[PDB]
Structures are given as structure tokens and as C-alpha cells.
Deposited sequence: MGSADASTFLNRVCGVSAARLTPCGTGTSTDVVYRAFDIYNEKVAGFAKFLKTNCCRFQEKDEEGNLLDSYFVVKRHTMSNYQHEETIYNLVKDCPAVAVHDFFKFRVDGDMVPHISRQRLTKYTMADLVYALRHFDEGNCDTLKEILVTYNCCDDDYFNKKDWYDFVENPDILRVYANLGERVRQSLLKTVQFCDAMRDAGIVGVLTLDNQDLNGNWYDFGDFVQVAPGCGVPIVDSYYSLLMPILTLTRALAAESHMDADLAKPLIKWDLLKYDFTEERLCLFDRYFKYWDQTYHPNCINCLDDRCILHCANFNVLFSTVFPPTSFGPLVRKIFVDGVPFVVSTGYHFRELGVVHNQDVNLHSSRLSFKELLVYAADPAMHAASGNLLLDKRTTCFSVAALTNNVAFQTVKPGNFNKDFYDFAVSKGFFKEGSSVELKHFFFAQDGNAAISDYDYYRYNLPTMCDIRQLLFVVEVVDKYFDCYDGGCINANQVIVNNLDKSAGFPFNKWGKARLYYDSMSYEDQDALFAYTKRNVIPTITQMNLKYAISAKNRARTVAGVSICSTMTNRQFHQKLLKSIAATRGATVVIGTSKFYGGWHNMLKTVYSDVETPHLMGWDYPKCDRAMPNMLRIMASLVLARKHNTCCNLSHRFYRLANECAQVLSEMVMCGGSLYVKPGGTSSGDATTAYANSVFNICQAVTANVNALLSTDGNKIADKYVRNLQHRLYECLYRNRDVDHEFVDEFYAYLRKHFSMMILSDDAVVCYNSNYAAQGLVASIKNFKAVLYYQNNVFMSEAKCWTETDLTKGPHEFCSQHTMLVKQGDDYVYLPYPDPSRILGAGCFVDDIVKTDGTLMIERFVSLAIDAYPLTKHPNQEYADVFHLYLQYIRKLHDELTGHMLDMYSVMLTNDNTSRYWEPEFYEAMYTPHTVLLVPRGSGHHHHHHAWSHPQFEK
């Protein structure tokens, strides 16, 4: 009396999703009444951005998923009591949660559940597996828990869920990530916290505050923070009954929403779906150019990851970052050029970043930095302030500058296209691939829907350089600070304060780099899945056949990191899946002889991975494959690539779209546009060449010459 499909088919249908070959998923959703058959006649019914209602439909599997998790725990107790030692898989459990191994001794058995839960984990937040746990007796048929608003810990509640659903997940769990021994353990626990936190009140999270006194006068300040992913982190340098506040203490308090929200108006905003905290209150059209030319976060969902895979992939991702330098620098080693940048609320009511950088001494800047290595400051941004950026550079700038100064590396940030740079970057990705094809793709909602787990992974990767300057506790507080400042900070909109659910921040020091850590992670994930998901017995090449076997056993077995395997896997990807990565922008030169066999990721692996990793569907409309390397990538750094003759040799040149260019010291702007338009004169279409010439005429009337422009592509 088993169902037609197994838990394995539900997981596969959701994780290896293809909108074409989606029959397994459609049948399961209709079979269990998540939706009717007509549901699948909707245009883009499977998307998460369009037809957002798909989440209501996936959620109808949530009761079924928790029943399967509960049956697993009961199964595991039974095999333990029976003295049975063995492994749990998803093809031995049906969709009603029913189960269908050796005996050693009564009372001495043990399940192996590392692949069992890791395979399920990515769909537990998608299907809202714990939706019932917000109810009094964990029953959807009854009323909701009248949670005490003043409760802020939830340690026991997370432990109760852990031992109810993941009882046999035999790895140490630290609800409060502050107690983790390394970065791997941090990601291990945070992944559970993401799921458990889905049933705690939205008001229980965020800055935690206390009444403190200065000169006998009470203040409400943050003395810690409750993170959905990290648990509760308390501050240490909390001083009451002080006489006066120092400049540094005033910056910390001014930046701290505790003083602004607790003292503001209550806010009920019905125009949105986002959680708010308090109200604090009660283009340049260039006509001359135009006339001349004419004459001629609501989608960021809690997302749980396959931890066994995430902890493998992160080691591979780290290998891709094993070429640049990093570490901590002091305040007087920090380079800041954008001193005209807004200091952020409330500092932007007084001035620009220059006002603060020229006020604090380097000793004070180091002291503020040190504060963030022991405590958490939950700053306010506006729709990233100085109490965050002044310390983020001291922690990350050496690495960010190292990446930006390195050429030939997989992650290419800050490398000019000029003087042969475009050409050299293309030759670097092409490398020695045996049967090269070029691939690229977009990332829908990359700056909005990116999960906090992958944002944490990326900040941990950038922080893995701090080995000779930071201890464990300090690395954790810095993580807590980055999370409080850019993943779940307060953002002022209009005159009111709102809570950010997750995603990225364009005002931060690391976004352009964290996005590349992410791009690699998703690509590695796609390759790990492309190979592990194929039939290992259909591989003619003994080498790869053994690589697939050992890869599986380096994720769901052998928890200790096998560095030799990771170096080999890394080298495999380097040889057959060559990446060139810019913040959320990548070109892949891959060996199609292997991709054809499923041994290398292709565009279909990226589509399936983004579908479950970032909860977004990636349209073929923005995806591309190019089979002839005579032409370059269809679009990279928002520019098209062509091979042209230059120097009785041939070079690759970038060029933006001609219409985009015309649509776009005023003369300096026009000179830059003319330079970007220059390569269009090498294009066979005269209409493209004319864009460049149009600008030269405009510029001269406003000396840019053909020689002063062609020099930009001469090494």
C-alpha cells in the first residue's frame, strides 16, 4: 500500500527541475491536491517571480513533508532498539512517509541519515515543512501560538524542533552560532536555524535592546541581536551608569535604531508585504546632445541548503580563491576614494563620509573596528552607513584590492578591457579546453532574492584569509556584524524604518566580490550535480567514472575534508569548465565532449540549480550558448565581442550596442562614450561605425581624434 512516487522523486522533481520535462512534479502536485490540472495551463506557472502563487501550491506538500520527517525519526528509533545498523535513502520511503541494513545487537543500532536529510533539506523551506509548528500542538487544524512578544531567545524551541525532526542527524548543533568551532560548523547550524526560525514571530528577531543609563538618563540601546540564521548574539562591551558618551560611543548609539524606533510612531503600512518597525515622523536630460544626435526584496525566501553539498562546494569555491592575498589592515592602511558618499542615516543629515574620516583619528578608527570584533552594531541604511563601511574596509580591503589587482585569475574584478585586456581575458578563459563552447546566463533577482545562507557562505569565504590576525570569536562577531549591517539591517524608506529580509546591498564594500564567490558556488554546485546525477555505469572513461564515485563519498561520507580530492576535483573543473567571473556576470568555456555525457555542467544545470538555490526561474530568453569561438561571448560586461584584424594579427574587441550608446567637463562624458563606441568602426555595419563618428563631431564642437582613440586597444 505504497504510493506511486517516492520522497526521492519529489526531491528530484524539485531539485532537477526542467519546465519542459516537469511531468513528475506536475503529477505529484495534482495527485496530492496541491493544485488542479488547469494550474499548469498558466503561462510560466512554475516561476517564483511571476505567478508567485506557486509557493501556495508547493506549501500544500508541507504537511506531507513533516509527516515524512516524523516517520523517519520513529523509524530510526525502531531500528536503534532492534539493534539494526544501516542507511536511510529516499527511495525506501514513499510519499505518505512509509518505510520499506544488518543486525548487530539489541539496543545498539544506528541509522545513517546524512544523505537522507541532506537530499530533503532544500525542499523543507520551499514546501514549508514546519508550517504546522506555529500552531499550539503543531497541528494546522488548531489556533496559533500566542507567543510572548518579549521572548527573544528560542534556544529551547530550536532544540525541540531539532530533536523532533533531525533527531538522528549526528553532528553537533549549536542553535547559537557563536558557539561554533570553525566556519564549517557555522554554516551547519545556520542551515537548521533557517528552517526553525520560519515559525517564530517576526518581531522576535532583530536588534535586542536594554535600558542603560548615562548621567542617570535612560537610553534604549542594542546590547545584542537575534539573527534568523545565527541565533542570539550578545554584546560584551555594554557599560551602564557611565557619565558621558565618547565620540565612538555616540557614533554607535546614533547609528543604533534602538534610539529611533523605540522613540518613534507606531507604523501600520498596508501598501506592502514587508515587516516594518516604526515611523520616525508624523533624470538629467542632455538636450544639446539629443538634438544633435536626432538631426543625424519581497522574493527573498528562507532557504535551506543541502549542507553536505554546501560544505563540499565551499572547499572547491575556496580553491578558486587560492591565488590572491588577504588579511586585516589597520585604519591608516585603508584607502577611501569616495569621500563624497553619503554617510547614511542619521549621519547623512550632517554630512558625507569625508566628514567622519577627517574627524576620527586612526586610533579611534581602529578602536571602532575592534568594537565590532567583540560586539554587534545593527546600523541603519537608506533606500550602508559609516558605522559599517569604516570597519568593513579594515576587515576586507586587503583582499578586495588583491582581487582587483590580479590578472589571469578566475575572478576578474577591476581589470581593464583596454590595451588588449579584453583579448587577454578571453584567451585566459578559453585556455586549453579540448572542445570549447562558450556559455553564459543571467541571474534573476540577483540583488534581491539571494539567500542569507549564500550571503553568509560568501562572507565566510572572504573572511578565510584572516588566519594570522583573528581568533574564532572575533571572526564570528565580524560575521554577525556583516549580517546585522547588510542582510537584516534597518532601512529607512521615506521617513520610516523597515526590516530588510535579505539580498544584497549596493552601498557595501564587498558586494562586487561576494557576488563572485556566489557565482562560483552556483557553478560548482551545477557541476557537482551534473556529474553526481548521471549514470555512473554509463561512463566509458574510467577516470571520470572513479571521480563520480569519489565525489559522492566526499559529500555524504567522509565528513572530514579530503583536501587531495578537492584539489583534484578543482583541477577537473578548471580543465573542462573554465570560468571568467565578474560580479553576477560569467562566461564559461567548456568541453562539450563531457557536457554531452553529463560529466560537465551545462545551461540546464544552471537552470535547475537556480530554481532551488535562489528560488528563481531562469528564462532561456537571457541565456546563451555559442559554438564558434571566432566570435566571443554574446554579452559580457554588457558588451558584445568580435574578432577583427589588428597589427597583421587578430584581436578580440568588445563593443556595446549602438542604440544603447547613443541613448546614453561634460566633454569628459562624451569622450568616454566615444571611446566605448570606437570598436564599432571595426564592425562591417556602417550604421555602427557612425555612432563613433557622431560623437567625435559633437566632442569637437563642445581634441579627441581617431589616433587618440585607437590607442586604447594597442597593448
> Got a list of the deposited-sequence ranges with no coordinates?
Replying inline: 1-119, 220-223, 406-414, 429-457, 545-561, 843-855, 894-907, 921-955
